[PDB]
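An overview of the molecular structure
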Amino acid sequence: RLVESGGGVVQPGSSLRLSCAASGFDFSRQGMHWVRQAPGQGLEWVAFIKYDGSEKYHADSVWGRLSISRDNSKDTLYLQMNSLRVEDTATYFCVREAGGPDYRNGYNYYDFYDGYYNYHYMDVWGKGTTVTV
Amino acid sequence: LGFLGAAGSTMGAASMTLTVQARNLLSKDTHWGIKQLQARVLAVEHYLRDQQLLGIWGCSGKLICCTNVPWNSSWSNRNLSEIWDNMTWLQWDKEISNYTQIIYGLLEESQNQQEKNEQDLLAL
Amino acid sequence: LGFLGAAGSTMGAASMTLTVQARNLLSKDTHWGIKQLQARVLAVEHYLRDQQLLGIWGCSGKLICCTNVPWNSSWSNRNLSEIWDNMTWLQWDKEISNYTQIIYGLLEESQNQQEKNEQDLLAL
Amino acid sequence: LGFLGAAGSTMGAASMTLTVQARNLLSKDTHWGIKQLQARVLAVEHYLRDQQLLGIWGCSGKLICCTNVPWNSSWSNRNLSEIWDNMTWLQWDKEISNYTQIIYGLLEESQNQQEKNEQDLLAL
Amino acid sequence: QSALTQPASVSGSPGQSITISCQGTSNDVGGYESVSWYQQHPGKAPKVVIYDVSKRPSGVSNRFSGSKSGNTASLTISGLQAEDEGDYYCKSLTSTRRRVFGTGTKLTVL
Amino acid sequence: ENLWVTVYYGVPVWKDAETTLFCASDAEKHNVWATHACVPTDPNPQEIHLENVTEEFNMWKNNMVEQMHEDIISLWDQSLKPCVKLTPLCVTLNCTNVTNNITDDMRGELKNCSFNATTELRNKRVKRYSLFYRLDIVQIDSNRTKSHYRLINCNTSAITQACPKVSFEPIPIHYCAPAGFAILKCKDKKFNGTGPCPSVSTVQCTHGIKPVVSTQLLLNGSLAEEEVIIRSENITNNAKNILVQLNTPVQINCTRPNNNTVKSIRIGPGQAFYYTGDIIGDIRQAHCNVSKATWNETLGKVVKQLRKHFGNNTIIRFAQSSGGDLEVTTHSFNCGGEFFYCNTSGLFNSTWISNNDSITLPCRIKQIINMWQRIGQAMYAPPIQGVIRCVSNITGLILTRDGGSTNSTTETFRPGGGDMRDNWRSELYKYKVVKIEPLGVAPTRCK
Amino acid sequence: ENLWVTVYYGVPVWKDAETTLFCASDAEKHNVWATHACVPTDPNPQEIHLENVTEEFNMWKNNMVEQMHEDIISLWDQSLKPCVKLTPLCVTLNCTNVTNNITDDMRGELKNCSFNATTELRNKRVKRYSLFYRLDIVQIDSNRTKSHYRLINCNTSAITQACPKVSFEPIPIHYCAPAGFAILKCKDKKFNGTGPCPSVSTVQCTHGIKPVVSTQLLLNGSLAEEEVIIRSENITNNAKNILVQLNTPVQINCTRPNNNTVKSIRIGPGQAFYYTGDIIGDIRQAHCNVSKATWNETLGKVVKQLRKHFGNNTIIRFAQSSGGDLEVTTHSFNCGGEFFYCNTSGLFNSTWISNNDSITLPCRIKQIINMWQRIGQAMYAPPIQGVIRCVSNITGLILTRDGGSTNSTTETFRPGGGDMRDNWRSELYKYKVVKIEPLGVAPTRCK
Amino acid sequence: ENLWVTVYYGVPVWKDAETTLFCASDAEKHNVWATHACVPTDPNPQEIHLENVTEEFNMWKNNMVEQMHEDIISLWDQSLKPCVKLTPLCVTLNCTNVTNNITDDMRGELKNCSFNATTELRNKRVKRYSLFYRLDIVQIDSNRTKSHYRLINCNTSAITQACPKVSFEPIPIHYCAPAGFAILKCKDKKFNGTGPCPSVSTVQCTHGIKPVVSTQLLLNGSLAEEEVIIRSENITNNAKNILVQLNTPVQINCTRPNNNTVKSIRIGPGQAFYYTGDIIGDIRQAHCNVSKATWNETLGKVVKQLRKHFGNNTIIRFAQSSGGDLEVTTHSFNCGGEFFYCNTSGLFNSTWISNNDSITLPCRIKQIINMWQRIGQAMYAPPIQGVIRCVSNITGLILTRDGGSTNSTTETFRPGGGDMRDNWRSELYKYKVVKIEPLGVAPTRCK
Ligand SMILES: *[C@@H]1O[C@H](CO)[C@@H](O[C@@H]2O[C@H](CO)[C@@H](O[C@@H]3O[C@H](CO[C@H]4O[C@H](CO)[C@@H](O)[C@H](O)[C@@H]4O)[C@@H](O)[C@H](O[C@H]4O[C@H](CO)[C@@H](O)[C@H](O)[C@@H]4O)[C@@H]3O)[C@H](O)[C@H]2NC(C)=O)[C@H](O)[C@H]1NC(C)=O
Ligand SMILES: *[C@@H]1O[C@H](CO)[C@@H](O)[C@H](O)[C@H]1NC(C)=O
Ligand SMILES: *[C@@H]1O[C@H](CO)[C@@H](O)[C@H](O)[C@H]1NC(C)=O
């Protein structure tokens, strides 16, 4: 259950901060993605964050301006977006990354602090929130 | 009477059962084999310590020891008739328990040295 | 003769090897150490039990003891010459086996109660 | 003097206090439990062998013996005035150690075995 | 990081078998077996149709299949239905560890 | 005055002593206490009355209790050591309901657990399931599907238990003294704990004592010959428990009224595991039937005795225990290997003042049990086939006083105490052990 | 002129008695039985002949053998207890029968098996293979796979073996009575173990007995000096075994004529395992040779002795055993650590009547062997590098007399009776153990 | 007139003998030596007041050394046995560099390494990390990633460790003789094995000896009181070691100046493992200090004594050892349970001739440790949190001479001693054990 919040209408050069409330899953052991889709356009990957915050990956197209972060206690995913461009107008989505334990040699395999590995696909999408610049 | 049958009798009366009491002094890596050995061995050690004391005193083979050593008058406020006829062994032991070591030491030194010194003096 | 070499000897003849016979009565990942201890302990217990019996009968240190205990003809169908010169100890023990306990009791009781009384009388 | 107080002294002088020496002859799944049982058994068997031997020699209850067995000249190159007065027991034992068995055997055969036979023959 | 190329649109009659292609590179489609396809109902976030080149999630019918050869991947839709209409997308993972989407394909059922 | 010492050997003198008494027995092959090695018992012990002897000895300070404690615990493990470990079963259990006609008392009591079992080959696992009692099962994760559970102790010391072959019958064991020692016995039935006993005799061996483990009531023990006796170290010290010996048994009939089956799996190389299978017939809760009239008389007698050391115009309330873990809130006992945890509140819900029809006490059944004295070891009780009807005698109680009251009145007592040493206090009150001291100084006239 | 009963001591009196004996070693690498925990023997425990003594004793009522049995077993376990277990190897094996020019008698006897195995690290799963004898494996499921096999004891007690440096040589051990006890030995030559012996001597220690394990033939023992002696508890009871002590040694030459190569792996933390890899040369059946003429003469003597015991001018025949597994139908013995299961039916394919030529016995080799008389254990016999050839003598035979009221003729004798305790009967039939009772009682004239 | 044979009993005569001594404790509950079976003894010495008997005895003849040695090893196994095996950790270990302000001479000493691990459930594996010391980690495959390692002893006997409560405090143990035995203490403060001891006082119990085990410099032992004494089994034998007992203590201050974190995980069912965590502050080499004066001038006393075994105008050199295993190459001691290895490069360098400034030695830390004399077992040393500092007393040296010298000069000595027993030889050098032989015979005159 992913619920985006913080969308609104801003002027060019402004900053906006999104958050995604979440429930139904051990947020703290699973990775997350931000995806955006401009009206009339296809899906654009924005960023990925590992469950423990150890690795972050951002699209070249959003570098500098967008930054992915998370709060394990809040069970919340965030997107900090600065110096906003009109090109950044899009519906932004909170997406849970599919994952679980690798099965090898009749055993399951966890990542550090019993983390879930990335099955490599999206599973749960929120409704999305519109960000207009 | 059997073992301790005379336990409440006077000390004099009970002397007739000393043999009876003597008869009752003598008779796997998990918790039973070792315990039995410990019990058996200790029973033997207790037995032998008393036998050694009797031996050093010149009481080997005797039911009753007899020596030439007097006891201390400070150890008694009683005459022999009271001691033998109006008291039992449990009572008596309590009455004189603090003099046990003293008398054993006196009996051993006094008679062991006198008897062996006489044996050499009277050897021929 | 050697140890137990007197087994076929007559009771009288065998009386001449008694010192030998008596001398020879005396001597970590495995449980064998325990059975070895048990064997040694039991040998001691058997030895001491018999020694106490001999001692209580006034036989401490004596291979042979003369006592004061008479006995019934009901316990024998033989004269002393047959008993001592023709018979062996093995056969003899079988022949009088059922009187063993009775005699042990008599030897102790009929000698010690009386010796005790003599010691008291001999005081004066 | 205490234990071994005269060990290095004159044999005669050292015979004055033999009582201490006698007293010092007598007193968990780990190897310590095992060692304690073994040690206790050892002490007991050794003690009993000496007592059994004294029994055979007719020395029950004695610190000092006397026998009907004469001394052999092969056993000594000294007078009593040299042996008892001018040397220790440690040295003495070292010097005559070759005769331990012959002496003990002679004592057994000539002392109690013969006296006991004579006593039976003096019964009537 | 560029988009994966998809045909602008595909179409066919009900019951028709159609294919939606995706053209990537050696750093993604020809790099791992980590490819996947999504179906986006207009106005809604998309659902997984395919993952790991050809695997279906529970709830997706066997009419949805696919394959991968070299740097080119595709989605096969057999037995095409009007209910299938929507925007189809390919996705892949990269050496940079970034996620990349294709341009998307519009599906029309005739 | 011109007198000398004699010494008598064979003197009848006693000294308090603490030594080991040994296991004595009449004689199936494997019992926990009636073990392979135990020494045959004297068929004719000789009890010797002692004329002119009064001897004082203790209760609760009596080390014979301690000796049984250490030996029963150590032996429990030695006899039950070579059992199959249940470590291999510590996997997640997928839990659902039981497909039967389940009564209202039994709702929630049983679970049907499904898991991937280890087989005897290292290359194989199989789908298996078993039934468990609720008390032994814990939820693995509220965050994940609330259907996954674990055995209660897989995150602590491993549970080990098989040995279906071992007998748990509480066969009484006699204890015998080594030579040089003697056991003194008190025949004064009126003694109240520790004090001089005017009527004594001696024995070589004690009678046999049945190793019955209990947390509240004393079952199949020594019964008082005349009247109910209440004994304690200090009647005003509520930190101590109360021993109540009854003069009449109370018969209690306990059951686990379900016809059970047993299933098993080979886990490893002879490493067999047995578990609860399905149930024949419907599912009902365990219970015990105590005669109401007998019980009423039983506590009435207890009150008559309480009033000897406590006064009148006091209302004595009997109440259920105040709380604690299962072992101290229920009456725990073993019936043929089955472990019962019975609710005795029905026995302690009344008052007494100074001026058939049974009690159908509900019970629970538990299989993963910690040793009474520690939690570093635990066992899984094997399943038992069929239906059990357990019949025993209540011969006593262990009670706790609700100490502290206004104006020293209207006292309340509750059942309890899980300390195993308290279950031997009655049987051992009669005995003391002493060393024999054969030498005594004898002053007289000889030289 | 009256008599009194006096005390005697040092008296030469014996009582039948039971106790244990001490292990005495004669003239290092530890041998399974000739253990480090065994005190060196008396180089000359001189026996003494007893003048004018005849004594009775009865073999089979002799507990010396029972003591030997328990000790040989306990030592077997003490030695094997710390060895590497084969449990990690209880995996499915993919088995075929690739051999290098195997003869016809051997077809199907060897199997070429591959399997998954671990190494010292838990993540390094590797492929391994070895050769097995057919007798050691079973198809887990033929229907699923033709080649899927498993080891015969993986579904029961774990198979264990390592300790390659242990010697299984049956080194003789002497046994000694404890103080207070002595052993009477029979010096007669025509004597059977039950009844009076007119010529005896006393000893403290027995001669050394080799702890030979065998099932049909009694090998490496003490031969009769004059005549064949046949011993039985009840000579006409066909439910009992017959012991035949020969006065003629018969030599037998056994071999495994295959130059097997031994390979090894590590399974876990120093957990070494040894197995046959390839085999040098072609494949031949194991076998034992005896002289035909010697065996024929041996039986002729046995036949005469049997007639002495039964009817005159009668017919005696021989046959092999009436089925059962190898442990009871073949002659089972060990040499070099390997076990042999030889077909002895050719030694019994003869009849007798009232009025260079050799025998070859084919043999089987087995490596997974259960325990002597137990089913709670399994052991793996490691291979011996190279070719093994062993020579030993037959000292005696174990016979079974078949039943049927066949008019006291055409009696059939068979091999069988492979109970280890019956083997040792052939060595201890000459000994009796008694307690020494030095205390005597007798009348005389004194006071 | 002639002499007669007389037996005397209670004769004060000694016999050389061997038996064992009892463990006697004096004033966390249990340690290898603080064994649970050990009997508190009487603190009062049992002296014979320097009774004037001369007795010759020596070292390397003294079997008590062997007993101390064997008892200690047995005790180690007893405390090491009931602990967690570390076998589950023998997995592929993934290593990189620790990057925390490492000082240059510490580069390569520490490894940051990841691995998979077992957990509470048997069908689950998790990722875990720890910090390791380089010495115990070995690379497994140059052909594969240069990051793959294993623990040094996973291919041999399992490495085990737990029981963190237990310490290794070398608590002194006193040893006592059984009745019938006596211990002879040499009161000569200036003796050697080259002759008899003129002053001996026997005891029943010895003073306590601390089981401190060291490889080169003996710590916390008995210091000589009057002079430096050098002892050897054979003073001219290059194959023997040299024991130097100093009469001057040398203080040494050791440290591991690195602030550690101890972290722990569950490996299995109540199976805990402890490991090195985050080190905070700079990474620095462990080291030990002595002052120059107390080492350099102290050795001159050693030299004066060496010159008594060697000739006059002889040049003496000190040098470093030839190497070999770390266990013999470096100084080694344990403190806090941690094992330290130190290179004595600053101690053995200078040459002695006929005619505030400190020394610091570098040290290293090791955790996977075999026993000095055996590799059939291995133990793991747990980490210590925070910073550890230790101060010890050097009481003696174990030196090794080179293989002779040219024309009795420039005699070179190196640190040495490869025999664990040297640690007790150095303490028991003052004692001998004899048996008491109370019977004897002498001529006299009587009846
Ligand atoms: C009936 O009784 C006879 C004796 O009367 C037995 O005869 C011999 O018994 C031995 C022991 O069982 C046979 O085996 C020998 O074992 C030795 C073991 O020593 C070490 O070295 C081997 C090396 O492979 C290690 O495996 C082992 O652990 C030890 O470390 C071998 O060394 C012997 O081989 C060498 O010596 C023999 C001569 O003795 C030479 O011929 C060999 O070429 C080689 O140099 C040997 O293997 C021995 O084979 C028996 N001899 C015969 C003729 O049989 C009978 O075994 C016994 N039979 C039965 C069934 O009980
Ligand atoms: C009974 O109680 C009284 C009072 O506390 C005490 O003095 C007495 O010794 C007790 N007697 C027994 C046998 O417990
Ligand atoms: C209680 O009543 C009984 C009679 O039933 C009487 O004997 C006893 O003394 C009374 N106790 C008190 C404290 O009044």
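Read on for an overview of the structure. (Residues numbered from 1 in each chain as written, not as in the entry; some residues may be left out. Chains lettered and ligands numbered in written order. Heavy atoms only, no water.)

The next subject is the overall build of chain F. Counting its regular elements, chain F contains 2 helices and 31 strands. For chain F, the spread of C-alpha atoms along the principal axes amounts to about 100 × 60 × 40 Å. Counting every position in chain F, which comprises 447 residues, the buried fraction comes to 51%. When the accessible surface of chain F is totalled, it reaches about 20600 Å², and 46% of it is carbon and sulfur. For chain F, the centre of its 47 positive side-chain charges and the centre of its 39 negative side-chain charges are spaced 7 Å apart. (Helix = DSSP H or I, 4+ residues; strand = E, 2+ residues; numbered from the N terminus. Buried < 20%, exposed > 50% of the residue type's maximum accessible area, 1.4 Å probe, protein only. Areas by Shrake-Rupley, 256 points an atom, 1.4 Å probe, with all protein chains shown as cover. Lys, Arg positive; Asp, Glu negative; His and termini not counted. Charge placed at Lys NZ, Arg CZ, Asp CG, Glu CD.)

The subject of this paragraph is the state of the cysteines. This structure, assessed with the given rule, holds 34 disulfides over all chains. Each sulfur of the disulfide joining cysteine 335 of chain H and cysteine 390 of chain H lies 2.0 Å from the other. Its torsion about the S-S bond being -100 degrees, the disulfide of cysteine 335 of chain H and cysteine 390 of chain H is classed as left-handed. The class for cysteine 390 of chain H is buried, based on a relative accessible area of 7%. This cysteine, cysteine 95 of chain F, is not joined by any disulfide, and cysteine 113 of chain F carries the nearest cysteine sulfur, 3.4 Å off. Of the residues examined, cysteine 95 of chain F reaches a relative accessible area of 12% and is grouped as buried. (Disulfide = S-S within 2.5 Å.)

Quick look at the interface of chain D and chain H now. Listed per partner, the contact involves 54 residues of chain D and 48 residues of chain H. The three residues of chain D that bury the most area against chain H are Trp32, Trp71 and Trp89 of chain D, which together make up 15% of that side's buried surface. Joining chain D to chain H, the criterion identifies 2 salt bridges. At the boundary of chain D and chain H, one finds 15 residue pairs in polar contact. Going through the elements one at a time, α2 (31-57), α3 (80-83), α4 (89-96) and α5 (100-120) of chain D are the ones with two or more residues in the side of chain D that touches chain H. (Contact = heavy atoms within 4.5 Å. Buried area = accessible area lost by both parts, 1.4 Å probe. Salt bridge = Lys/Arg side-chain N within 4 Å of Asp/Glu carboxyl O. Polar contact = N/O pair within 3.5 Å; in protein donor to acceptor, adjacent residues only side chain to side chain.)

This part is about the relation of the copies chain F and chain H. It takes a turn of 123 degrees to lay chain F on chain H, together with a shift of 0.2 Å along the axis; the resulting RMSD is 1.0 Å. In short, the pair behaves as if placed about a three-fold rotation axis. Every residue of chain F has its C-alpha some distance from the rotation axis, and the shortest such distance is that of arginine 122 of chain F, at 7.7 Å. (Least-squares fit on C-alpha atoms.)

All names here are of chain H. Sheet architecture is open: 4 strands sit in the order β2-β28-β11-β12, paired in antiparallel fashion. Each edge of the open sheet is held by one strand with a lone partner, namely β2 (14-16) and β12 (200-203). Adjacent strand axes in the sheet meet at a mean angle of 45 degrees, parallel and antiparallel pairs treated alike. Strand direction decides the pairing type here: β2 and strand β28 (residues 431-436), joined by 3 bridges, are antiparallel. What sits directly across from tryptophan 14, in β28, is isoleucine 436. (Pairing = 2+ DSSP bridges. Axes fitted to C-alpha atoms, helices over the stretch in contact; angles between N-to-C directions.)

On to the site of ligand 2, then. Residues and elements named next belong to chain F. All residues adjacent to ligand 2 are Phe191, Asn192, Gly193, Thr194 and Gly195. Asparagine 192 is positioned such that a nitrogen or oxygen atom in its side chain is 2.5 Å from an oxygen atom of ligand 2. A distance of 2.7 Å separates an oxygen atom of ligand 2 from a polar atom in the backbone of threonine 194. In terms of residue class, the shell around ligand 2 is built from 1 nonpolar, 4 polar and no charged. (Near = heavy atom within 4 Å. Nonpolar A, V, L, I, M, F, W, Y, C, P; charged D, E, K, R; others polar.)

We now examine the pairing of strand β6 (residues 124-133) of chain H. Most of β6 of chain H sits inside the fold, with 7 of its 10 residues counted as buried. Taken together, strand β5 (residues 110-118) of chain H and the strand that follows it, β6 of chain H, pair antiparallel across an intervening segment of 5 residues.

Let's shift gears to the sheet that holds β5 of chain H. Read across the sheet, 7 strands follow the order β9(A)-β10(A)-β6(H)-β5(H)-β4(H)-β8(H)-β7(H) without closing on themselves; strand pairing throughout is mixed. The open sheet has two edge strands, β9 (102-104) of chain A together with β7 (137-139) of chain H, and neither has a second partner. Here the strands of the sheet are splayed against their neighbours by 40 degrees on average, with no regard to which way each runs.

Core analysis: the largest hydrophobic core is formed by 179 residues, its most contacted members being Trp89 of chain B, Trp57 and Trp89 of chain C together with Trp89 of chain D. For this core, the element with the highest residue contribution is α2 of chain D, accounting for 7 residues. For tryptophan 89 of chain D, the residues in contact, after removing those within four places along its chain, are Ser9, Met11, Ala14, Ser15 and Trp84 of chain D together with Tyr8, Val11, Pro12, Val13, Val441 and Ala442 of chain H. Core analysis: the second largest hydrophobic core is formed by 47 residues, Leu219, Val244, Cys342 and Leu397 of chain H among them. (Core = buried A, V, L, I, M, F, W, Y, C linked by side-chain atoms within 4.5 Å.)

By the definition in use, this model includes 98 salt bridges over all chains. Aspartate 71 of chain F serves as the salt-bridge partner of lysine 35 of chain B, at 2.4 Å between the closest nitrogen and oxygen. Residue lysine 35 of chain B is found in helix α2 (residues 33-56), and its partner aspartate 71 of chain F is found in helix α1 (residues 63-79); the two belong to separate chains. In this structure, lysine 189 of chain G engages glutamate 225 of chain G in a salt bridge whose closest nitrogen and oxygen atoms are separated by 2.9 Å. Placement of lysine 189 of chain G in the loop between β14 (181-186) and β15 (194-197) and of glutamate 225 of chain G in the loop between β17 (217-219) and β18 (229-231) is noted, with a sequence separation of 36 residues between them.

The next thing to look at is the interface of chain F and chain H. In many reports, interface size means the accessible area that the parts give up when they come together. Across the contact, 13 residues belong to chain F and 7 residues belong to chain H. When the two sides are added together, the surface that chain F and chain H hide from each other amounts to roughly 880 Å², 55% of it contributed by carbon and sulfur. For the interface between chain F and chain H, the tally reads 1 salt bridge. Of the charged contacts in the structure, one is a salt bridge between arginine 150 of chain F and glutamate 120 of chain H, with a shortest N-O distance of 3.0 Å. The interface formed by chain F and chain H holds 4 residue pairs in polar contact in total. Across the side of chain F that touches chain H, the residue classes tally to 6 nonpolar, 5 polar and 2 charged.

We now examine the environment of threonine 255 of chain H. Residue and element names in this part refer to chain H. With respect to the element layout, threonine 255 can be found in strand β15 (residues 242-260). With relative accessibility at 13%, the residue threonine 255 sits in the buried group. Measuring from C-alpha to C-alpha, the distance between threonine 255 and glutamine 285 comes to 9.0 Å, with 30 residues separating the pair along the chain. Setting aside residues up to four positions removed in sequence, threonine 255 forms contacts with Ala286, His287, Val387, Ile388 and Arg389. Reaching out from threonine 255, the side chain makes a polar contact with the backbone oxygen of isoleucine 388 at a distance of 3.2 Å.

Residue and element names in this part refer to chain G. Near ligand 1, the surroundings consist of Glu169, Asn220, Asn334, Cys390, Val391 and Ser392. In this structure, an oxygen atom belonging to ligand 1 sits 2.5 Å away from a side-chain N or O atom of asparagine 220. Between ligand 1 and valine 391 there is a distance of 2.8 Å, counted from an oxygen atom to a backbone nitrogen or oxygen. About the coverage of ligand 1: the protein hides 32% of its 1100 Å² of free accessible area. For the shell around ligand 1, the leading source of residues is strand β29 (residues 386-401), giving 3 residues. Here the shell around ligand 1 is composed, by residue class, of 2 nonpolar, 3 polar and 1 charged.

Within the secondary structure, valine 387 of chain H sits in strand β26 (residues 386-401). In contact with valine 387 of chain H, other than residues within four places in its own chain, are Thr255, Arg256, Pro257, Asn258 and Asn259 of chain H.

Helix packing for two helices is described by the angle between their axes and how far apart those axes are. One way to put it is that α2 of chain B packs onto α2 of chain D with a least axis distance of 10 Å and a crossing angle of 35 degrees. The way α2 of chain B lies across α2 of chain D gives a crossing that is left-handed. For the pair formed by α2 of chain B and α2 of chain D, the contact residues are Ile34, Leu37, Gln38, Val41, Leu42, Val44, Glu45, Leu48 and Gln52 of chain B on the first element and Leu37, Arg40, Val41, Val44, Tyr47 and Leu48 of chain D on the second. (Left-handed = near helix turned anticlockwise from the far one by under 90°.)

With 16 pairs of chains in contact overall, the greatest share of contacts is found between chains D and H. At no point do chain A and chain B touch; the closest pair of C-alpha atoms across them sits 41 Å apart. Chain D makes no contact with chain F; the smallest distance between any of their C-alpha atoms is 13 Å.

Before going further, it helps to examine the packing of α2 of chain D against helix α1 (residues 64-80) of chain H. Where α2 of chain D contacts α1 of chain H, the axes come no closer than 11 Å and their chain directions differ by 135 degrees. When the axis of α2 of chain D is compared with that of α1 of chain H, the two are oblique. Listed contacts from α1 of chain H to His31, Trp32 and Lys35 of chain D of α2 of chain D are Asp71, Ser74, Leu75 and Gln78 of chain H. Partitioning the contact of α2 of chain D with α1 of chain H into residue classes produces 2 nonpolar, 3 polar and 2 charged. (Parallel < 35°, antiparallel > 145°, perpendicular 65-115°, else oblique.)

Time to look at helix α2 (residues 292-309) of chain F. With 18 residues, α2 of chain F extends 27 Å between its outermost C-alpha atoms, agreeing within 8% with the 26 Å of an ideal straight helix rising 1.5 Å per residue. If you check which residues of α2 of chain F are buried, you get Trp295, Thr298, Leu299, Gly300, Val302, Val303, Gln305 and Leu306 of chain F. (Expected span 1.5 Å × (residues − 1).)

The next subject is the pairing of strand β6 (residues 66-71) of chain A. All names here are of chain A. Across the two faces of β6 the burial differs, with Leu66, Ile68 and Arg70 buried and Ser67, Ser69 and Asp71 not buried at all. With 6 bridges connecting them, β6 and strand β7 (residues 76-81) associate as antiparallel partners. The partner of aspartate 71 across the bridge, within β7, is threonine 76. Two successive antiparallel strands, β6 and β7, enclose a turn made up of 4 residues, where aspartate 75 displays a positive phi of approximately 55 degrees.

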